[PDB]
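To start, the structure under review is shown below, and the notes come after it.
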Amino acid sequence: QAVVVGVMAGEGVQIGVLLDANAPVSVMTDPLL
Amino acid sequence: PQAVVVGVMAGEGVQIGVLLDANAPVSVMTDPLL
């Protein structure tokens with residue numbers, strides 16, 4: 001299971017990323033950054 | 001300077017305070033705001 005979302009970044013630049021469905025945000029916010 | 005706080009008016013009269021992204025274009029925010 002997974003999900004894809006539009007992550008907004010610097011000056012509002014739109015970026016697309018794929019994230020796990022069940023893992024908590026705390027374990028993914030580091031590699032995502 | 002990355003964000004600004006504003007009060008948004010919604011249906012029939014409820015006012016809600018929100019902190020918006022100061023540089024993304026408004027059209028990108030209207031959907032999640034609703």
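By convention here, the chains of the structure tokens are called A, B, ... in the order presented, each chain's residues are numbered starting at 1, and ligands are numbered starting at 1 in the order presented.
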Using only C-alpha atoms, I'd like every residue of chain B that has an atom within 10 Å of chain A; please write them out as a list in words.
residues 2, 21, 22, 23, 24, 25 and 28 of chain B
Output file for the residues above (N, CA and C atoms, as an mmCIF file, in the first residue's frame):
data_model
loop_
_atom_site.group_PDB
_atom_site.id
_atom_site.type_symbol
_atom_site.label_atom_id
_atom_site.label_comp_id
_atom_site.auth_asym_id
_atom_site.auth_seq_id
_atom_site.Cartn_x
_atom_site.Cartn_y
_atom_site.Cartn_z
ATOM 1 N N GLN B 2 7.443 33.896 5.362
ATOM 2 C CA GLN B 2 6.987 32.760 4.570
ATOM 3 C C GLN B 2 5.479 32.523 4.639
ATOM 4 N N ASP B 21 0.185 30.242 3.266
ATOM 5 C CA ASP B 21 1.478 30.300 2.580
ATOM 6 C C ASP B 21 1.541 31.619 1.822
ATOM 7 N N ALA B 22 2.552 32.437 2.116
ATOM 8 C CA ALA B 22 2.642 33.758 1.505
ATOM 9 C C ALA B 22 3.066 33.791 0.033
ATOM 10 N N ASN B 23 3.619 32.718 -0.555
ATOM 11 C CA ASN B 23 4.076 32.839 -1.942
ATOM 12 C C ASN B 23 3.439 31.910 -2.981
ATOM 13 N N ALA B 24 2.823 30.796 -2.596
ATOM 14 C CA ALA B 24 2.135 29.962 -3.580
ATOM 15 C C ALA B 24 0.957 30.710 -4.214
ATOM 16 N N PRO B 25 0.608 30.414 -5.471
ATOM 17 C CA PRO B 25 -0.540 31.097 -6.069
ATOM 18 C C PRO B 25 -1.843 30.636 -5.429
ATOM 19 N N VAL B 28 -3.836 27.325 -5.992
ATOM 20 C CA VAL B 28 -3.350 26.071 -5.424
ATOM 21 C C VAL B 28 -3.897 25.793 -4.024
#
List every residue of chain A that DSSP, applied to the backbone of this structure, assigns to alpha helix (DSSP H), and report them as a ChimeraX atom specification.
/A:25-32
Dump N, CA, C and O atoms for the selected residues as a PDB file, in the first residue's frame?
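part05.pdb written:
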ATOM      1  N   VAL A  25       4.218   9.558  10.201  1.00  0.00           N
ATOM      2  CA  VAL A  25       4.899  10.727   9.637  1.00  0.00           C
ATOM      3  C   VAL A  25       6.311  10.917  10.196  1.00  0.00           C
ATOM      4  O   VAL A  25       7.236  11.297   9.468  1.00  0.00           O
ATOM      5  N   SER A  26       6.502  10.660  11.489  1.00  0.00           N
ATOM      6  CA  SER A  26       7.819  10.832  12.110  1.00  0.00           C
ATOM      7  C   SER A  26       8.935  10.014  11.455  1.00  0.00           C
ATOM      8  O   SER A  26      10.071  10.490  11.351  1.00  0.00           O
ATOM      9  N   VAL A  27       8.645   8.794  10.996  1.00  0.00           N
ATOM     10  CA  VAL A  27       9.675   7.963  10.359  1.00  0.00           C
ATOM     11  C   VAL A  27       9.954   8.295   8.898  1.00  0.00           C
ATOM     12  O   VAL A  27      10.948   7.806   8.349  1.00  0.00           O
ATOM     13  N   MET A  28       9.123   9.114   8.253  1.00  0.00           N
ATOM     14  CA  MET A  28       9.294   9.498   6.852  1.00  0.00           C
ATOM     15  C   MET A  28       9.683  10.957   6.628  1.00  0.00           C
ATOM     16  O   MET A  28      10.228  11.275   5.566  1.00  0.00           O
ATOM     17  N   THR A  29       9.426  11.842   7.590  1.00  0.00           N
ATOM     18  CA  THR A  29       9.736  13.264   7.439  1.00  0.00           C
ATOM     19  C   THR A  29      11.237  13.525   7.295  1.00  0.00           C
ATOM     20  O   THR A  29      11.635  14.522   6.685  1.00  0.00           O
ATOM     21  N   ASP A  30      12.077  12.643   7.838  1.00  0.00           N
ATOM     22  CA  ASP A  30      13.528  12.810   7.719  1.00  0.00           C
ATOM     23  C   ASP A  30      14.026  12.504   6.309  1.00  0.00           C
ATOM     24  O   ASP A  30      14.598  13.400   5.663  1.00  0.00           O
ATOM     25  N   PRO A  31      13.841  11.303   5.770  1.00  0.00           N
ATOM     26  CA  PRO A  31      14.294  11.024   4.398  1.00  0.00           C
ATOM     27  C   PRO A  31      13.604  11.891   3.365  1.00  0.00           C
ATOM     28  O   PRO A  31      14.225  12.273   2.366  1.00  0.00           O
ATOM     29  N   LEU A  32      12.340  12.227   3.588  1.00  0.00           N
ATOM     30  CA  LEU A  32      11.605  13.092   2.669  1.00  0.00           C
ATOM     31  C   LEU A  32      12.269  14.463   2.568  1.00  0.00           C
ATOM     32  O   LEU A  32      12.376  15.032   1.474  1.00  0.00           O
TER      33      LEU A  32
END
Neighbour list for segment 1-7 of chain A as a ChimeraX atom specification, cut-off 6 Å, only C-alpha atoms, skip fewer than 5 positions in-chain:
/A:15-21
I need the residues in chain B that are strand (DSSP E or B) according to DSSP; give them as an MDAnalysis selection string.
chainID B and resid 3:9 15:21
Export N, CA, C and O atoms of the chosen residues as a PDB file, in the first residue's frame?
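As a result, out_8.pdb now contains:
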ATOM      1  N   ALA B   3       4.788  33.058   5.645  1.00  0.00           N
ATOM      2  CA  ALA B   3       3.352  32.843   5.780  1.00  0.00           C
ATOM      3  C   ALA B   3       2.691  34.054   6.424  1.00  0.00           C
ATOM      4  O   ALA B   3       3.346  34.871   7.073  1.00  0.00           O
ATOM      5  N   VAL B   4       1.376  34.166   6.228  1.00  0.00           N
ATOM      6  CA  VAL B   4       0.581  35.252   6.794  1.00  0.00           C
ATOM      7  C   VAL B   4      -0.711  34.677   7.367  1.00  0.00           C
ATOM      8  O   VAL B   4      -1.310  33.764   6.791  1.00  0.00           O
ATOM      9  N   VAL B   5      -1.135  35.222   8.508  1.00  0.00           N
ATOM     10  CA  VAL B   5      -2.350  34.809   9.209  1.00  0.00           C
ATOM     11  C   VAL B   5      -3.507  35.720   8.831  1.00  0.00           C
ATOM     12  O   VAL B   5      -3.365  36.949   8.831  1.00  0.00           O
ATOM     13  N   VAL B   6      -4.650  35.116   8.499  1.00  0.00           N
ATOM     14  CA  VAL B   6      -5.847  35.851   8.113  1.00  0.00           C
ATOM     15  C   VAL B   6      -7.086  35.115   8.612  1.00  0.00           C
ATOM     16  O   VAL B   6      -7.068  33.903   8.840  1.00  0.00           O
ATOM     17  N   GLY B   7      -8.171  35.870   8.792  1.00  0.00           N
ATOM     18  CA  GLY B   7      -9.467  35.335   9.187  1.00  0.00           C
ATOM     19  C   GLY B   7     -10.315  35.072   7.953  1.00  0.00           C
ATOM     20  O   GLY B   7     -10.573  36.001   7.183  1.00  0.00           O
ATOM     21  N   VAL B   8     -10.771  33.838   7.749  1.00  0.00           N
ATOM     22  CA  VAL B   8     -11.588  33.477   6.593  1.00  0.00           C
ATOM     23  C   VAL B   8     -13.043  33.274   6.998  1.00  0.00           C
ATOM     24  O   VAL B   8     -13.337  32.596   7.991  1.00  0.00           O
ATOM     25  N   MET B   9     -13.942  33.895   6.232  1.00  0.00           N
ATOM     26  CA  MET B   9     -15.387  33.791   6.405  1.00  0.00           C
ATOM     27  C   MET B   9     -15.909  32.641   5.556  1.00  0.00           C
ATOM     28  O   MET B   9     -15.555  32.524   4.378  1.00  0.00           O
ATOM     29  N   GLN B  15     -16.591  32.527  11.198  1.00  0.00           N
ATOM     30  CA  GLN B  15     -15.255  33.053  10.919  1.00  0.00           C
ATOM     31  C   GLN B  15     -14.196  32.112  11.488  1.00  0.00           C
ATOM     32  O   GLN B  15     -14.314  31.671  12.636  1.00  0.00           O
ATOM     33  N   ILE B  16     -13.177  31.787  10.685  1.00  0.00           N
ATOM     34  CA  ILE B  16     -12.104  30.885  11.108  1.00  0.00           C
ATOM     35  C   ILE B  16     -10.730  31.489  10.815  1.00  0.00           C
ATOM     36  O   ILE B  16     -10.482  31.976   9.707  1.00  0.00           O
ATOM     37  N   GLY B  17      -9.856  31.477  11.823  1.00  0.00           N
ATOM     38  CA  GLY B  17      -8.490  31.979  11.679  1.00  0.00           C
ATOM     39  C   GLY B  17      -7.549  30.945  11.058  1.00  0.00           C
ATOM     40  O   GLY B  17      -7.470  29.805  11.528  1.00  0.00           O
ATOM     41  N   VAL B  18      -6.843  31.340   9.989  1.00  0.00           N
ATOM     42  CA  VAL B  18      -5.914  30.449   9.290  1.00  0.00           C
ATOM     43  C   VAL B  18      -4.605  31.155   8.937  1.00  0.00           C
ATOM     44  O   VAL B  18      -4.566  32.368   8.712  1.00  0.00           O
ATOM     45  N   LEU B  19      -3.521  30.368   8.904  1.00  0.00           N
ATOM     46  CA  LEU B  19      -2.167  30.809   8.554  1.00  0.00           C
ATOM     47  C   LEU B  19      -1.841  30.293   7.152  1.00  0.00           C
ATOM     48  O   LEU B  19      -1.610  29.093   6.967  1.00  0.00           O
ATOM     49  N   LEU B  20      -1.837  31.193   6.166  1.00  0.00           N
ATOM     50  CA  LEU B  20      -1.607  30.867   4.761  1.00  0.00           C
ATOM     51  C   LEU B  20      -0.172  31.057   4.268  1.00  0.00           C
ATOM     52  O   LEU B  20       0.580  31.900   4.764  1.00  0.00           O
ATOM     53  N   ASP B  21       0.185  30.242   3.266  1.00  0.00           N
ATOM     54  CA  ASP B  21       1.478  30.300   2.580  1.00  0.00           C
ATOM     55  C   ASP B  21       1.541  31.619   1.822  1.00  0.00           C
ATOM     56  O   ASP B  21       0.689  31.892   0.973  1.00  0.00           O
TER      57      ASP B  21
END
